[PDB]
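*Asks:* Chains as they are written, first to last, in the UniProt record's numbering: chain A, 47 to 208, 220 to 427; chain B, 2 to 145, 150 to 285, 300 to 771, 784 to 979, 984 to 1014, 1022 to 1113, 1121 to 1140. Quick reminder that beta carbons are idealized off the backbone N, C-alpha and C, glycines included.
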Ligand SMILES: Nc1cccc2c1CN([C@H]1CCC(=O)NC1=O)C2=O
Ligand SMILES: [Zn+2]
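Dropping the structure here:
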């Protein structure tokens, strides 16, 4: 069994403690148009609910967020369709929750912890003199639907509420979707669109990654649950954007299950054919899931996936604990044996009593589900 | 896009029912909720008396009666699904009946998640308040004008059922609630003066894990009865009584009713159709009924079974059990088409005449329903007597009250038939002539018989048969036209008219006149409280073309209507429908004029024209089920009847009828002698209504239906429930269609505790008999069914789309496409194509077969080797449940209204995604209207229409129609039940049994009718005072947008029903081009013809 504290990564300790905490929450109305600033050096995609750690040191980015704290505390994160040509039609708002100003080495520097809130549709990307952009965006509403059966049952059969509990799930289908008999579809079809059902089908793989998972931690709400799960799936940008367009939690879970089932082997994006790891090696070393966004000392955000065994990797240099994202572990650069592509790191425990004694931190940009 | 939506057949399914004294504190009433409809009744003790039938602008969710303190009768509370609350009072004054809104408002909360176990509408026994559980964690209270409401924060979120407790000084509610720890019963006291809740009279006692219903039991008992899966518990603080009968273990009790007003006897009802009696604790099984949605005890032993899955009932609760041991006997069965899960339009019987066969009902109530537009005749005798020019019934025996003689008229000839029971014989009536054509004959005054011929007027005595009197025109001229009742005769001799009275052994010439022109037709029918003596003579004339009301005996003109035209009136008739007097005048061209007649003044008002046949119509009166009717004989035989003091015309399903008369003989009771060009038929008339419904019980669930003309049979997918037996298989619950097949067969496998068995049934298009039944594989779920010819092959095959369903599998990993040939009364299996998924839908595509295997859309080619060959595959990322086609363009549909248009490229042999839409909402059905438009059924009982320069513009669909239907559509179908103003016709089948019609309109016609709708709404009084515009507003938990691109046919049709001064109000400044009231009558008349 794993003894490592799965809460440690989620709290971004490497960023330092003693950060200004903000409680107050801002939420914009649905379909409303808003003008939100964009951070010039963020190139990652943020999912609602996902934590985004930042380490800003460019004077314009520093002044931007410094002024942001005085008001809204929200900024826009764009889902780039073409990162080189900086093209983005979608994005998510990020609200700052932890903040810290330091002055060092002749510069004014700031560290933030932000969280994804609301998805949006880009209308126009206007640019400012200082270099930082502004985005006229339209908030996309989260579309919540009732039970498939809600409409068909306005009757007496309505008052039928929701190992060994395998039969419970069949009795559940039999009971909940009994009124499918009034329709042109069977109860087993309706289950493919049931939020509770689709969640259990996902939770089935979430327990295969988190062996020591307590259901108390997991969100009951399908909206939060669909998003949490999206943020920890090691998939390409094209596929992540497609998931960000999704308005319904149902459509999302269905999409996520489809991905989860087709997901087999993870390759080197550069080689395309060199296999580095498999779905079976994936494990949740953090409560956020197997994958999370972390910042290096130069503000570069690496969404890293934790796996027990990796394969065509070669290491270089000696382990280091300096700025480690998993306290108690030392990192060492790992690259593709074939092409030399930076794949991530090998994390090795600094104490004999730690479980796991080693794991791999693979960056999702280096990977290809091919 | 502009569309028109109208009800072809109202909802049939019973949503709820109650008993009380609504009409009067004397009369026992039964109120039935058929969704948007309210049926009000009186318990006749010798039947069920229908008083009034009102329609509402909402789906009924709550319906409970109440009498608060000093009231003349009962007040009805109605709550719609859109939270329209209202109090309705009954108001009668003579012939006028009106529902009166006593209080009305909308109780919807600005926010809130509608609860899981639906809307609960309970009333305090003392009529102190209205309790509503619409949202989880709140309790809405309406104290019993604008229906003022307030909420009370309820701590226990998940409430199962609740009732208002009896015998309380302070109002109390008892509810079953569920929390993670368990499911427990609780009590709360509701205070109006404190506007909050206070602790209940007794403790939160723990109940059964599956405790479903709370039964409010009256004094001297008090407290509550909690019904569960196996247990029936009772709670009253310290008083507790827990019974667990094994007889209720099989099915869950879904509905109850109170038999004794004190609370000693209750009628319980389970999901399988069993009827229980809870005695005060002891439970006794009475017998089996239809699957009851609701139960009502009324009068002495009679029970109303309010069913939604099958035909509603009237049943007797005898204290004496029969041989089988049942204390339940079936009195009357009320047709319920709902749910319609599938349907198709077929040209059965006659071509051009559309008939609608539906997969209706569920489980044991499963049936096929054949809906044919028009009344039918049940033939009992057929005689070869060509060229009959007239028919008349007679009673040769004055002592006998029934007809024993039938007199036939021919070209210058008369024959007489005697009815010796079922035996018809050629005979001669003494006194009557055979050598002259007859214009009239029948039983007359002073126990005599009359015969009017082209020559004379002969009066014949009945004891014995002999000639008593004989009238002739002075110059021996021929009688042209003739009218006779019982004591009076008016005959024409060209322009001349003669009035004679029928006295004992005497035909008395009272008066005579000359007319302006030649007489074409005559009528002297006595109307009102006129004892066989008519003071009016209705007459049609040649050349001037007029209908004239003359006075008897003076012959003085009272009114003269100028019919207009060159075509002369052929038939004229004075009649009485629903106590209202009318004049009916048929023309040679087939046109029928109808007016209301004043018996005193003789004034013809409200002139209405109706086109019947191409031939001159002959009007004969007949009594059907103690009601006067008019049979209109032409090449389109019609019945002219009354409904809500408006004349209705429904076609008779007969090629042509020339002459008819009613015959009540010992062998043919309450019958109709009908004659055409070749034969005389004696038979009985069906129910006088617009549509006819033939019920073919299957005793199992019909799911899908299609037709094969080349086989003269229907292919039907049906499933039966079977329980797991103590053997390596299953056993049936009762015999049903699939078990009782003429020839039976089973699928042979090649692919790698209550069970659902799937079958393909083969039913003959006439008899409707199960010729064959092909049972599918174990765990095989049949989904789609299509009858077509594919590739170069000239044989029509029945194709079935299956899915291998297992409880562990979520998405079916296996499935088949099975090709069957129906020849020699057996299904020959041509091809068994195994696919890696569920075959949700299939369609014939320009000579190929398009099918959907889960999320993929496959195109199959039918080779010479007679095997479907995979051509091109479109991978959609959306499950392809809906698959519809028109030419080379395909429509793909997801349950979440995710539509995508495909197009097969003939030269490329691939699929091209034209346009896509992704607006999450539950979608139940979808149809292609035309090349650019397509109709669908969206969540919260709504309808919608999606329509088709830049690439971004053309690749995205536009929602052009939004409409709240109030019904859950399961099937769309291109067809019509009727033998240009509008474009196309799509019929739709709903869950409640409602059938509807959707057609297309022009920009101008749409706006004309939309303007008219707003105007009609300013006149028309709404039950519960609900705004029409609100009721039709597109509605979901989120957005409530007003209706667009849709015209409510049901509202537009009620223009022909409003008062003429109100029509004038509606048409005033309507329109630019001006709009005449007579123009808008023609437009609206034209639109009523589509259905
Ligand atoms: N020291 C240094 C210099 C330049 C880039 C980077 C680093 C350390 N690092 C990662 C190593 C893995 C970790 O757990 N935390 C980090 O911060 C980088 O990406
Ligand atoms: Zn590589």
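1) Hey, quick one: how far does the alpha helix (DSSP H) through residue 282/A stretch, first residue to last?
2) In chain B, which residues lie with their C-beta within 9 Å of the C-beta of residue 307/A?
3) Anything in the segment 164 to 177 of chain B with a Cβ closer than 9 Å to a Cβ of chain A? List those residues in chain order, please.
4) Looking at chain B, is there any beta carbon in it that lies within less than 8 Å of the beta carbon of residue 134/A?
5) May I ask you to verify whether the segment 918 to 925 of chain B touches the segment 875 to 885 of chain B, counting CB pairs closer than 8 Å and requiring at least 3?
6) Report the rounded CA-to-CA distance for residue 298/A versus residue 959/B, giving the unit in angstroms.
7) Write down every uninterrupted run of the beta strand (DSSP E) in the segment 570 to 647 of chain B whose length is 3 residues or greater and which is fully enclosed by it, in chain order.
8) Along chain A, which residues have their Cβ under 9 Å away from the Cβ of residue 185/B?
9) If you follow the beta strand (DSSP E) that residue 183/A is in, where does it begin and where does it stop?
10) Note down the Cα distance separating residue 284/A from residue 34/B, rounded to an integer number of angstroms.
11) For residue 250/A and chain B, any beta-carbon pair shorter than 8 Å?
12) Is there at least one Cβ from chain A nearer than 8 Å to residue 353/B's Cβ?
13) Taking the alpha-carbon positions, what's the residue 196/B to residue 75/A distance?
14) Give me the Cα-Cα distance between residue 806/B and residue 738/B, rounded to the nearest whole angstrom.
15) Can you confirm whether residue 198/A, when its beta carbon is compared against all beta carbons of chain B, has any partner nearer than 8 Å?
16) Pick helix, strand or coil for residue 382/A, following the three-state DSSP scheme.
17) Answer yes or no: does any C-beta atom of chain A fall closer than 8 Å to that of residue 1165/B?
18) Within the continuous alpha helix (DSSP H) that includes residue 207/B, where are the two ends?
19) Short of 9 Å Cβ to Cβ, which residues in the segment 311 to 335 of chain B face chain A?
20) Let's test the definition: count the other Cβ atoms within 10 Å of the Cβ of residue 89/B and tell me whether it reaches 16, buried, or not, exposed.
21) To which residues does DSSP link residue 670/B through a beta bridge?
22) At a cut-off of 7 Å, is residue 334/A close to ligand 3 when judged by its beta-carbon and the heavy atoms of the ligand?
23) Would you report the Cα separation of residue 1138/B and residue 1013/B, rounded to the nearest angstrom?
24) Apart from the five residues on each side of it in sequence, which residues of its chain come closer than 6 Å, Cβ to Cβ, to residue 505/B?
25) Between residue 186/A and residue 166/A, how many whole angstroms is the CB-CB distance? I'm expecting something under 8 Å.
26) With H, G and I counted as helix, E and B as strand and the rest as coil, what does DSSP make of residue 414/B?
27) Is residue 368/A near ligand 2, going by C-beta to nearest heavy atom under 7 Å?
28) Could you give the distance in angstroms between the alpha-carbon of residue 370/A and the alpha-carbon of residue 388/A?
29) List the residues of chain B whose Cβ lies closer than 7 Å to the Cβ of residue 245/A, in chain order.
30) With a 10 Å radius around its C-beta and 16 neighbouring C-beta atoms as the bar for buried, classify residue 943/B as buried or exposed.
31) Quick check on DSSP: helix, strand or coil for residue 498/B?
32) Measure the C-alpha to C-alpha separation of residue 111/A and residue 118/A and round it to an integer number of angstroms.
33) Could you give the DSSP three-state label for residue 306/A: helix, strand or coil?
34) With 8 Å as the threshold, decide whether the Cβ of residue 841/B is near any Cβ in chain A.
35) Among all residues, which have a Cβ less than 5 Å from at least one non-hydrogen atom of ligand 2, and in what chain order do they fall?
36) Indicate whether residue 472/B and residue 458/B have their beta-carbon atoms separated by less than 8 Å.
*Replies:* From the atom records:
1) Counting from one through the first chain, the residue named residue 282/A turns up at place 225. Counted as a single uninterrupted DSSP element, the alpha helix (DSSP H) harbouring residue 282/A occupies residues 279 to 288.
2) In the first chain, counting from the first residue as 1, residue 307/A sits at position 250. For residue 307/A, the chain B residues whose Cβ falls inside 9 Å of its Cβ are 927 and 951, in order along the chain.
3) Answer set for the segment 164 to 177 of chain B: 165 and 166.
4) To locate residue 134/A, count along the first chain from 1; it is residue 88. By the rule that beta-carbons nearer than 8 Å mark a contact, residue 134/A does not touch chain B.
5) Look at the beta carbons and you see the segment 918 to 925 of chain B touching the segment 875 to 885 of chain B: at least three pairs across the two are nearer than 8 Å.
6) Numbered from its first residue, the first chain carries residue 298/A at position 241. Numbered from its first residue, the second chain carries residue 959/B at position 928. Their backbone Cα atoms lie some 32 Å apart in a straight line.
7) Here the runs fully enclosed are 576 to 581, 588 to 596, 599 to 606, 610 to 616, 623 to 630 and 637 to 642.
8) Numbered from 1 along the second chain, position 180 holds the residue referred to as residue 185/B. What residue 185/B touches in chain A: nothing, since even the nearest Cβ is about 12 Å away.
9) One-based indexing of the first chain puts residue 183/A at position 137. Unbroken beta strand (DSSP E) run through residue 183/A: 179 to 185.
10) In the first chain, the residue the question calls residue 284/A occupies position 227. In the second chain, the residue the question calls residue 34/B occupies position 33. About 44 Å.
11) In the first chain, counting from the first residue as 1, residue 250/A sits at position 193. At least one chain B Cβ lies under 8 Å of residue 250/A.
12) Taking the first residue of the second chain as position 1, residue 353/B is located at position 334. Not a single CB atom of chain A sits nearer than 8 Å to the CB of residue 353/B.
13) As a working mapping, residue 196/B is identified with position 191 in the second chain. As a working mapping, residue 75/A is identified with position 29 in the first chain. For residue 196/B and residue 75/A, the gap between their C-alpha atoms comes out near 38 Å.
14) Counted from its first residue, the second chain places residue 806/B at position 775. Counted from its first residue, the second chain places residue 738/B at position 719. If I take the Cα positions, the gap works out to 9 Å.
15) As a position in the first chain, residue 198/A is number 152, starting the count at 1. When Cβ-Cβ separations below 8 Å define contact, residue 198/A makes contact with chain B.
16) For this step, residue 382/A is matched to residue 325 along the first chain. Here residue 382/A sits in coil by DSSP.
17) In the structure as shown, chain B begins at 2 and stops at 1140. Residue 1165/B is therefore absent and cannot be evaluated.
18) Indexing the second chain from 1 puts residue 207/B at position 202. From DSSP, residue 207/B is part of no alpha helix (DSSP H); its letter is neither H nor E.
19) Considering only beta carbons, the part of the segment 311 to 335 of chain B lying closer than 9 Å to chain A consists of 311, 312, 313, 327 and 328, in chain order.
20) If you number the second chain from 1, residue 89/B lands on position 88. Buried is the call here.
21) Within the second chain, the letter at position 651 stands for residue 670/B. BP columns for residue 670/B point to 657/B.
22) Summarising the ligand content, the structure contains ligand 1 and ligand 2 and does not contain ligand 3.
23) Taking the second chain and counting its residues from 1, the one referred to as residue 1138/B is at position 1089. Taking the second chain and counting its residues from 1, the one referred to as residue 1013/B is at position 978. Those two C-alpha atoms are separated by around 8 Å.
24) Counting from one through the second chain, the residue named residue 505/B turns up at place 486. Sequence-distant Cβ neighbours of residue 505/B in its own chain, meaning closer than 6 Å and more than five residues away, are 463, 464 and 551.
25) Translated into positions along the first chain, residue 186/A becomes position 140. Translated into positions along the first chain, residue 166/A becomes position 120. Taking a contact as a CB-CB distance under 8 Å, the pair residue 186/A and residue 166/A counts as one, their CB atoms being some 6 Å apart.
26) The count along the second chain starts at 1 and reaches residue 414/B at position 395. It is coil, neither helix nor strand.
27) Translated into positions along the first chain, residue 368/A becomes position 311. No, Cβ of residue 368/A sits at least 7 Å from all heavy atoms of ligand 2.
28) Along the first chain, read from residue 1 onward, the residue named residue 370/A stands at position 313. Along the first chain, read from residue 1 onward, the residue named residue 388/A stands at position 331. Rounded to whole angstroms, residue 370/A to residue 388/A spans 14 Å at the Cα level.
29) As a working note, residue 245/A is residue 188 in the first chain. By Cβ distance, chain B contributes 836.
30) By 1-based counting over the second chain, the position of residue 943/B is 912. Under this definition residue 943/B is an exposed residue.
31) Position 479 of the second chain, counting from 1, holds the residue named residue 498/B. Residue 498/B: coil per DSSP, three-state reduction.
32) Sequence index remark: in the first chain, residue 111/A carries index 65 (1-based). Sequence index remark: in the first chain, residue 118/A carries index 72 (1-based). Taking the straight line joining both Cα atoms gives about 10 Å.
33) Here the question's residue 306/A lines up with position 249 in the first chain. Collapsing the DSSP output to three states places residue 306/A in a helix.
34) For the purposes of this step, residue 841/B is identified with residue 810 of the second chain, where counting begins at 1. True, the Cβ-Cβ gap to chain A drops below 8 Å.
35) Cβ atoms closer than 5 Å to ligand 2 belong to 325/A, 327/A, 328/A, 331/A, 393/A, 395/A, 396/A and 398/A.
36) Residue mapping note: residue 472/B aligns to position 453 of the second chain, counting from 1. Residue mapping note: residue 458/B aligns to position 439 of the second chain, counting from 1. In terms of Cβ geometry, residue 472/B and residue 458/B form a close pair [threshold 8 Å].
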